[PDB]
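Here's the structure, in structure tokens; my notes come after.
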Amino acid sequence: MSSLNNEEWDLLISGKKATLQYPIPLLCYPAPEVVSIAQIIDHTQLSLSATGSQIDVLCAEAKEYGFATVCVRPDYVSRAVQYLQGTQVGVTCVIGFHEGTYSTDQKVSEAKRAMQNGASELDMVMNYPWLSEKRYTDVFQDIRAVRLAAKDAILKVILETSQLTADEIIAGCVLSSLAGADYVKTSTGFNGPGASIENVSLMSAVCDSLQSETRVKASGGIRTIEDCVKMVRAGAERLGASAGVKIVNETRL
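Taking the deposited numbering, the leading residue of the sequence shown gets 1, the next gets one more, and so forth.
Okay, here's the thing in structure tokens:
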């Protein structure tokens, strides 16, 4: 993989596209058990204005409901880790967020600091403008550097699907998986529309065809229990949302 030039990456990716069934089959996977939906949600607060007290409330809600993780910015990782000691709730830190165009050196510095502060997972933003230009060796090296700086993390790579064609989404899934990512993720929620059943079904189809163990996270605009069910049917194994309290409350009636 590390040997390949941009033309060799282009040929490899075209070969993977050639194995897919078209039109892409939609909603292939079983429904989730709704009473236990909390166990697959990353409970999120990323507003610039969010205060320490608001982060404390996010952490209390995650301990109460049993969400998979809380998801926060670098400067709140230490606070969240302290709050959640003794529980089974992890901490996810965002990396190169939301723009994705931060240098590789900056992304690596952030990843190292987050792990030192006790994070268990990292959600990094891909340099998606390079992806569109077919600067494939640059995209690959950017992800590999973060992967090697944080060997023990669950690593998720955000594509920003609102800015990409289907051909570009295929390329992004292949490069992320072969670099060692644990997940590919749809959206930041800060630049255009979020998860669709079409994009999640395509991402799942690509990942399942590869030899690696890469899973799919649906994010952006997930507001109701109906939204959660449809994204899992499309192939998602984790969900990003801020509305998890209202969603679980629905299921208890």
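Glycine included, every Cβ here is placed at the ideal spot set by N, Cα and C.
What's the gap between the Cα of residue i and the Cα of residue j?
i	j	result
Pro32	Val200	16 Å
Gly96	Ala18	33 Å
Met203	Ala171	10 Å
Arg79	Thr161	31 Å
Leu84	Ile158	26 Å
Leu4	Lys230	38 Å
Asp10	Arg135	10 Å
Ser187	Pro193	8 Å
residue 300	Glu198	The structure shown does not extend to residue 300, since the chain spans only 1 to 253, so no value can be given for it.
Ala195	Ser242	14 Å
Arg238	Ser49	26 Å
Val108	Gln141	12 Å
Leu27	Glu8	33 Å
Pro30	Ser36	15 Å
Taking the CB atoms as reference points, tell me whether residue i and residue j lie closer together than 7 Å.
i	j	result
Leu210	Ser177	yes
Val89	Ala119	no
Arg147	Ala179	yes
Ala205	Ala218	no
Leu131	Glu99	no
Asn6	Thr92	no
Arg73	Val94	yes
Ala149	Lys112	yes
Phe67	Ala38	yes
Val232	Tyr65	no
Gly244	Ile55	no
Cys207	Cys228	no
Kindly indicate which three-state DSSP category residue i falls into: helix, strand or coil?
i	result
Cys59	helix
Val146	helix
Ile40	helix
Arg223	coil
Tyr29	coil
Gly240	strand
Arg135	coil
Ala171	helix
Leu46	coil
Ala234	coil
Is residue i close to chain D? Criterion is C-beta to C-beta, closer than 7 Å.
i	result
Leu20	Given the protein chain composition of this structure (a single chain), no chain D is represented.
Less than 6 Å separating the Cβ of residue i from some heavy atom of the ligand PLP?
i	result
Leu122	What this structure holds is no ligand at all, so the ligand PLP is not there to describe.
- Tell me, please, whether the segment 36–50 touches the segment 8–18 by the rule of three or more beta-carbon pairs shorter than 8 Å. Below 8 Å, too few C-beta pairs join the segment 36–50 and the segment 8–18 to call them touching: fewer than three.
- Query: Using 8 Å as the threshold, is the segment 122–133 in touch with the segment 142–158, meaning 3 or more CB pairs across them?
  - Reply: Yes: the two stretches touch, three or more of their Cβ pairs being nearer than 8 Å.
- Task: Could you name each continuous beta strand (DSSP E) segment of 3 residues or more that falls completely within the segment 66–132, going from the start of the chain to the end?
- Result: You should have 69–72, 90–95, 121–125.
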